[PDB]
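Trainee:
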Amino acid sequence: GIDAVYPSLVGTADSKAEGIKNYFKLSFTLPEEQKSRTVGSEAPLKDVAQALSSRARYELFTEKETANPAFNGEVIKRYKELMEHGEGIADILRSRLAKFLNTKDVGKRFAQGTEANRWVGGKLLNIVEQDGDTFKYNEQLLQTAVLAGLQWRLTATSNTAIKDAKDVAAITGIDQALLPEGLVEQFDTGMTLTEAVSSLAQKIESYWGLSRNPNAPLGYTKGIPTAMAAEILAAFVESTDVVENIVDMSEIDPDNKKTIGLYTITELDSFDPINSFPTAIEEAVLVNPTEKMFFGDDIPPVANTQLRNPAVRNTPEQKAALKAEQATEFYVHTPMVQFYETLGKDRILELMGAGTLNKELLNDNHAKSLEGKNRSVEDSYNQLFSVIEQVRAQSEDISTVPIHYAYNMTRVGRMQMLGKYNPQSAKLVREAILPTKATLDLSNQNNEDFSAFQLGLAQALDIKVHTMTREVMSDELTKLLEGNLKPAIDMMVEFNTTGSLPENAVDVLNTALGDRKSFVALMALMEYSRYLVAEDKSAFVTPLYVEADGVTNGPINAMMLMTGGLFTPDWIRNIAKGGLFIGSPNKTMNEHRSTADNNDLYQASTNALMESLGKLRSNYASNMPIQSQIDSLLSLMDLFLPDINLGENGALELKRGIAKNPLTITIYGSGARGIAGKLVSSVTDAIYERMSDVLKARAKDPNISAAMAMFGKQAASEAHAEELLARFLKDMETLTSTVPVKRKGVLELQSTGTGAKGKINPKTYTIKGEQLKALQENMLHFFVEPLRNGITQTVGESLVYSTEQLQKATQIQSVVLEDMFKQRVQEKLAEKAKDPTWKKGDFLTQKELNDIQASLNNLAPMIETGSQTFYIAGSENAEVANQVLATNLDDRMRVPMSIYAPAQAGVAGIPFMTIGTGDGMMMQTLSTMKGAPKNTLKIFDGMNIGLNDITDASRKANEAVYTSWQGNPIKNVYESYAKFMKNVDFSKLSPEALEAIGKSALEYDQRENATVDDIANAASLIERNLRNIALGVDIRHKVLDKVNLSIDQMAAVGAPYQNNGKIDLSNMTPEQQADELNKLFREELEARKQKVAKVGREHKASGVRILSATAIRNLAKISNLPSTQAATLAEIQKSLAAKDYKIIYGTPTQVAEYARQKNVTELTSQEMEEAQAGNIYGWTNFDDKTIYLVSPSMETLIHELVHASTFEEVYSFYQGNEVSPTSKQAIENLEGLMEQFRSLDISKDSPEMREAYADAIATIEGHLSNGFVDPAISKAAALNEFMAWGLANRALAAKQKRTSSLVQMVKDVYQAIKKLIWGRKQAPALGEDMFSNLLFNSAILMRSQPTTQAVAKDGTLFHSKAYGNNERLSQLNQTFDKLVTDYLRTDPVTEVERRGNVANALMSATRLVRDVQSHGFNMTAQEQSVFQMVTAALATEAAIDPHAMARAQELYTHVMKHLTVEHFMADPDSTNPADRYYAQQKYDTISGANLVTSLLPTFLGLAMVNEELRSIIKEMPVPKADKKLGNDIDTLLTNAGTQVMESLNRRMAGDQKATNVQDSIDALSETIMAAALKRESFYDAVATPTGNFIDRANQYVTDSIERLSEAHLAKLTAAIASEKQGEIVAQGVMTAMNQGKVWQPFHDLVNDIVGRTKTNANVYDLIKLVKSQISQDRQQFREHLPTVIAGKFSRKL
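Residue numbering for the sequence shown is 1008 to 2101, 2124 to 2521, 2529 to 2642, 2664 to 2750, as defined by the entry's author numbering.
Structure below.
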């Protein structure tokens, strides 16, 4: 033991004594085995100096036969100098020891007997050796530590993996996803004080080779090395090896003030020989090294615990996936590493970054953000070539050395490589080290291997492969290769045969690639250039890959795991965007995006945002200053942030899987204030970047203006840029000098100082302080709140409910666990305080902490799912200890005490379950499934696949998605919450803890004066809610497994997976599929419930009975109601019988079956919670005047007659009709009460009354804040819901209640309805029963016309080969919507004659659009719609402002001087007279001869859409007057077009009613409506893969025949169309069919049709057979035959 080894330690070694004590030999034991080779060496420094003398000596020390060949002669010399450097710092520590022995007579006091070794900063004196008068370190304990410090210096940051997200939020107070760019990347440079010394203290303990004492105070087993590690950290920062930095984000944050210090270690020279082998000392002193690179057969072990979660043990299923990943082998790519080193590190930075950087040509705020951008690349560049240098030393061929990596399980159940820079995280290393390989036959360009080769190249160059067919993708790829990228490819071809690059290589690549610049784009060019120069193209070996990426993986996974209740048609359509197709076998994502829908979930959320903003803006028609504030915010965003779809799509940033999109951030529970800060930070970054362009433009020409140097590329003239500058300055001052505030449901503007003034000064421009705060306040109220409503509309309101309950349960559980852990360490400190041995400054033992942690097991802290384990509250906090661990000898650096204890989870509950169970289980299954794909790199939600296994590995990836979607996150969380309620005691919590749980369990009004019994009642109510959500999810997954599905979530190739369901759901509309799925949902509910327990005509096909008008007249007597109100029904009966009201009633099954047969949408109200109660309600169809009842009684039938009649008066009043004067006052009186209804205080009411009020408000406000529904319909619905609430709560409020404000409201509304029902005649006295407890329970159905913005925005992103797939037109159509379509009035359009002035311009412009296409300019359906819409926008503006087309006249006249007929002829010297005729036809239209005034707007519109005309125009010379701008004629024409529309945008955004332009806009909206519906008809008419009119028609008829009806010869015809002989196809097709015998199967079918041969088949069976043969011949002869002919050429013609 330690008594035997170095027994010359100072002090007494006894456990207890009265004299001085040495606690080192007590807190540390002696392991029996060997861990450090210097345990028995007095002088370890000379033990390694002799070890590193030569290769022969190095072999014997480590006890192995062979060493790493990289230990060559050069690195021996470099280690000798570094070893001497460690000796230089060894003597430095001696000097500080001598100073301590005499300064402040500490040694003299130590000589007296004072226990200074037990102090905060004296723990280092437990090891100091005795020399009598003087004292000194034990030499062995000192030398072994320096080697730990030296090895730490080289690999301090290399081994530091990616920091966890939870830790970053803890040290900042803001979620890492909402942090601005640059600061997040700054973590690689700086590490906090605790992190710097804890890492160094880990090495020191390991190098000593000792064992901790489990029964010793934590202030000695952990504080002794930490105190000495800080000493070694000193004299290292003294040599400037580490720098000191202070954070600024929290410093500049208007609210946060938590300053954080950072520590960054300086790098080393990239050419250092020591960089070729930096792990010589580590692998010599140690026995089993942990810092290693695995070559050949070296396989890493499997970790037994999670990452930074020692309490969680890896499950046996998890350990199988970790083993599989580390078995994959990697090889370097030789061509890339040779290309990288020729460019150099500096040229790489210029290409990838923003060019060369200098303080003169950069904004102050913009320049500092590039430091973190450039820091990552240089570190990654150095790391890659350090690894390669080690590989090259082991073999002559560097491309044949296998390399293995390490993996571990993170806190959310993902797999992450160990190391900061690796192929998983860094993208520079990704293209040099790959595990994929393939062999292809490229001798023919029509092969199938060439098609897969093209897919890899197209995806690398930023082409959306997962949205187009494989034929369309090849068309666009070839254009780039022979077009813009041609100069770059030619340069690359020269490099492959010369090894040299042009001087201006960086400039060439920037012009070629453009905005597609990425490290994978250079890979595509290298492989293509290698292909051209190869001679034998039949055995090409390439590492090119294609990644299978998920389509909105985040939101889609959450939508399938935390959704309950019945199915809805909205859910079916929205889930299709993720790749879940119902009733469509063998369907792929490419087919869906080409014929069904091209809008993803990210775009759908944005569309709903603009509808909510329009509704909010419309409510302030009487408050002009508020409206102008909204327009300023929108105008500023368009100038700098065209699209808000943020993400991890950068170029020089590491990949961590963090979600930074506004849609995903909101769902994960981020705060509203936090979101607004992130959006503001993006806008200001774009402003700062523009300030770095004016500085550069000034250098080239110091005479230009500020407007020219900023908005030059977007200006059509000199004066246009002046308008843009003035608009930008006006908007900026308004936002930063005014703030919106909320005053009882309305917004009021207030002044808070002054904003930015008139001075740019691009070098020193900054927005900060009070101006920054006013920016975020404007965005929070005007942008974030409308954004939340739009998200709830897409993902559904059922998922939002489940997220709130999950967050509340996880927050409450973590707060309790945090309080009891702190309450039990305070007891042990008090118990140990009386112990004489214990002394303040120590802490608990390791065993005591273990028992306290094990004492909370009855509260169920961990969640188990059967394959994964989660510990949300786990963290390495420091607030629990609230002490000081140790400090430096100069009392400068103080290290606090950190323990592994539970911590508050905040709002981390939601992202934990979505990622761990949705994506983690998906990607863990893929590794361990039967037949898993091999040789793939998987990052977090993608998987790189070699080109030889794409079609099969992409199908097993989709299969793993299906298995992942069978989990239940809510059920697993509930199982732990139920046990937590079983062993908790709320009366033993701290006063602050009870306050924290109150904020989650209770509302605002009931928060103050909260009783403990009130906290427990609400806390136990959440447990009931989770039980109902879990039950609903379980039934949903069981039902979905019984139908046929096709899953294409993770795919970019077109290989889906089938679930082999047996119930057919095809040939149905989305509303029909919901009815079928809801039937099975209720069937499963009935079976479980029974398990525990063990007058009118009738329809023929169902038990439903029908009651018509004039059939319930006698029912007045049957009810035997009082005679005073009996006469009322006699009047109600007459009214409803006048408009043909019929009543349908039956059992729930009978009434549901009737709807399916008659195609009726039902609105029955019942839930699983209501199923236990057992009450069903019907619905009313106001469109056709039909009432549907479920199991009616005498009371309910009477209640509905007086309810339907009442709603008719409400509908008529709000439709602009006239009503009785008595009814008009009653509705008006009710309307006024509703205004005060939503402003009451319910804090003094009964708990059961609060729930009723809460439900009413949520549904009422939804109708009022709805923008896509007709306001007349929405207004009536809101009032109808108000009456139902009052009648429902009359009984329970009239008794056992006080006279509260809400109670009086119930009594008033009841009387208000009484006057409305009875009219002007006398009503029954107050307090009398209405109709034996009258109630309103049936729902209403209402429909109306959709708005213009609804249909125009639907077809914006349509694209297809038969429809048109021009990308430039879609982007042009997007900017049109922002300027024109968004500002149209929300009311639905009408049809009036509209005689006026602008209406003449639109009629004239419509005729010219058609006339242009009939006189030489053919257009597709996509080009036609954009041509019509844009021209009508310029036509109405020119009819209001006569000088709008002044600039376009100058450009039109200049073009006419350099135009000739020969410009329109492909062959200038053709002989066919028809070729010249068509060219002359196009010339006349441009000259205006054919068109024969609104002629100018048509030309301006045509010059933007047509692609053939723009090619001719761009080659014309530029006038000398416009040479200053520096733009071609085509861009000058497109910039003039937006100027006209921008002027019109201001016209519609002002006071339309007073300007007398309201009628003119109503004419423009009609034209947009007409053109939107026309492109909705051409689309869906080509909705087939072939895009043919006939093919689509045949498919519709076939599916309509299978609905009513409720093989061999197909192979022979395939052989006829696949003949490759040449001598056989020359004999005709009659001979082949006669020789092919195919005439016999045809005879059998026709013989049945004619009747010669008898058969038992019906008509529908034979019709399905004849129509199946026709489609077979069309498929083979029109599609497959042309491919055979084209396959005989070795080229693409």
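All residues carry an ideal CB built from backbone N, CA and C; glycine is no exception.
With a threshold of 16 other CB atoms inside 10 Å of the CB of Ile2216, please say whether the residue is buried or exposed.
Mentor: Flag for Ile2216 reads buried.
Trainee: Quick check on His2228: does DSSP put it in helix, strand or coil?
Mentor: Residue state, collapsed to three classes: helix.
Trainee: If we call anything under 8 angstroms between Cβ atoms a contact, is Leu2480 one with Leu2609?
Mentor: No, the pair does not count as a contact, with Cβ atoms beyond the cut-off.
Trainee: Do the segment 1682–1690 and the segment 1720–1729 meet, that is, are 3 or more Cβ pairs less than 8 angstroms apart?
Mentor: No, the segment 1682–1690 is not in contact with the segment 1720–1729.
Trainee: Which ranges does the alpha helix (DSSP H) cover as unbroken runs of at least 4 residues, wholly within the segment 1244–1280, from first to last along the chain?
Mentor: Counting whole runs of 4 or more residues, the segment 1244–1280 contains the alpha helix (DSSP H) stretches 1256–1259.
Trainee: Please classify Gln2684: is it buried, with 16 or more other beta-carbons within 10 angstroms of its beta-carbon, or exposed?
Mentor: When all chains shown are included, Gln2684 counts as exposed.
Trainee: Are at least three pairs of beta-carbons, each pair with one atom in the segment 1827–1834 and one in the segment 1856–1869, less than 8 angstroms apart?
Mentor: They touch, by the three-pair rule.
Trainee: Tell me, to the nearest whole angstrom, how far the beta carbon of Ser2530 is from that of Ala2464; I am working on the premise that it is less than 8 angstroms.
Mentor: Yes, they are in contact, since the Cβ atoms of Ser2530 and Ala2464 sit about 6 angstroms apart, within 8 angstroms.
Trainee: Would you kindly work out how many angstroms separate the C-alpha atoms of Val1082 and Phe1278, rounded to a whole number?
Mentor: In a straight line, the C-alpha of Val1082 is about 12 angstroms away from that of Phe1278.
Trainee: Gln1147 to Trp1215, Cα distance in whole Å?
Mentor: If you take the alpha carbons of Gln1147 and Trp1215, they lie about 9 angstroms apart.
Trainee: I believe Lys2069 touches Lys2049 by the beta-carbon criterion, under 8 angstroms. Please report the beta-carbon distance rounded to the nearest angstrom.
Mentor: The Cβ separation is near 7 angstroms, so the contact holds.
Trainee: Would you call the segment 1041–1049 and the segment 1146–1163 touching, i.e. three or more CB-CB distances under 8 angstroms?
Mentor: As far as the Cβ criterion goes, the segment 1041–1049 touches the segment 1146–1163, which means the pair count is three or higher.
Trainee: Start and end of the beta strand (DSSP E) containing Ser2053?
Mentor: Residues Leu2052 to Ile2054.
Trainee: For the candidate residues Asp1898, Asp1926 and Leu1856, whose alpha-carbon lies nearest to that of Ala1908?
Mentor: Closest by alpha carbon: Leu1856.
Trainee: If distances are taken between C-alpha atoms only, which option among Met1904, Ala1722 and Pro2151 comes closest to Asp2564?
Mentor: Taking only the C-alpha atoms, the option nearest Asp2564 is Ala1722.
Trainee: Label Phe2625 either buried or exposed according to how many other C-beta atoms from any shown protein chain fall within 10 Å of its C-beta, with 16 as the threshold for buried.
Mentor: Exposed.
Trainee: Where are the alpha helix (DSSP H) runs, 4 residues long or more, that stay fully inside the segment 1844–1932, in chain order?
Mentor: Runs found: 1853–1861 and 1916–1920.
Trainee: Please work out which residues of its chain come closer than 7 angstroms, Cβ to Cβ, to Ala2450, disregarding the five sequence neighbours upstream and downstream, and give them in chain order.
Mentor: Counting only Cβ-Cβ distances below 7 angstroms, and skipping sequence neighbours, we find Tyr2392, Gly2393, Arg2611 and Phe2614.
Trainee: Can you tell me whether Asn1295 is buried or exposed, with buried defined as 16 or more other CB within 10 angstroms of its CB?
Mentor: Exposed, because fewer than 16 other Cβ atoms sit within 10 Å of the Cβ of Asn1295.
Trainee: Write down every uninterrupted run of the alpha helix (DSSP H) in the segment 1030–1088 whose length is 4 residues or greater and which is fully enclosed by it, in chain order.
Mentor: If we require 4 residues or more, the alpha helix (DSSP H) runs fully inside the segment 1030–1088 come out as 1031–1034, 1051–1056 and 1062–1069.
Trainee: Starting from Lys1143, follow its DSSP beta bridges and name the residues at the other end.
Mentor: Paired residues: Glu1136.
Trainee: For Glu2127, which residues does DSSP report across the bridge?
Mentor: Answer by DSSP bridge pairing, in chain order: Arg2134.
Trainee: Could you check what DSSP says for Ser2389 in three-state terms: helix, strand or coil?
Mentor: If DSSP states are grouped into helix, strand and coil, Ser2389 belongs with the strands.
Trainee: Since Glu1740 and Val1748 are thought to touch, with beta carbons under 8 angstroms apart, how far apart are those beta carbons, to the nearest angstrom?
Mentor: Not quite, the Cβ-Cβ distance comes to about 19 angstroms (not below 8 angstroms), so this is no contact.
Trainee: Where DSSP assigns a beta bridge to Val1339, which residues make up the other side?
Mentor: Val1339 is bridged to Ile1440.
Trainee: How big is the Cα-Cα spacing for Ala1603 and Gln2265?
Mentor: Distance between the alpha carbons of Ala1603 and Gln2265: 47 angstroms.
Trainee: Assuming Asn2395 contacts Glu2310 (C-beta within less than 8 angstroms), just tell me the rounded distance between them.
Mentor: Actually they do not touch by this definition, with Cβ atoms about 48 angstroms apart.
Trainee: Applying the 10 Å Cβ sphere with the 16-neighbour rule, what's the burial state of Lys1427?
Mentor: When all chains shown are included, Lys1427 counts as buried.
Trainee: Are there three or more Cβ pairs, one per stretch, closer than 8 angstroms when the segment 1305–1319 is compared with the segment 1077–1092?
Mentor: Touching, no, given that fewer than three Cβ pairs across the two stretches are closer than 8 angstroms.
Trainee: Which of the three DSSP states is assigned to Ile2256 in this structure?
Mentor: Three-state result, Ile2256: helix.
Trainee: When burial is assigned at 16 or more other CB atoms within 10 Å of the CB, is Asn2581 buried or exposed?
Mentor: Classification of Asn2581: buried, given that the 10 Å Cβ count is 16 or more.
Trainee: What three-state label does DSSP hand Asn1581 in the structure shown?
Mentor: If DSSP states are grouped into helix, strand and coil, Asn1581 belongs with the helices.
Trainee: Going by DSSP in three states, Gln2374 sits in which element: helix, strand or coil?
Mentor: Coil.
Trainee: Considering only their Cβ atoms, is the gap separating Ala2607 from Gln2509 smaller than 8 angstroms?
Mentor: No, the Cβ-Cβ distance between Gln2509 and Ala2607 is not below 8 angstroms.
Trainee: Do three or more CB pairs link the segment 2000–2009 to the segment 1957–1973 at distances below 8 angstroms?
Mentor: Touching, no.
Trainee: Determine the burial state of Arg1437: buried for a count of at least 16 other Cβ atoms within 10 Å of its Cβ, exposed for fewer.
Mentor: Its Cβ being crowded by 16 or more others within 10 Å, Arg1437 is buried.
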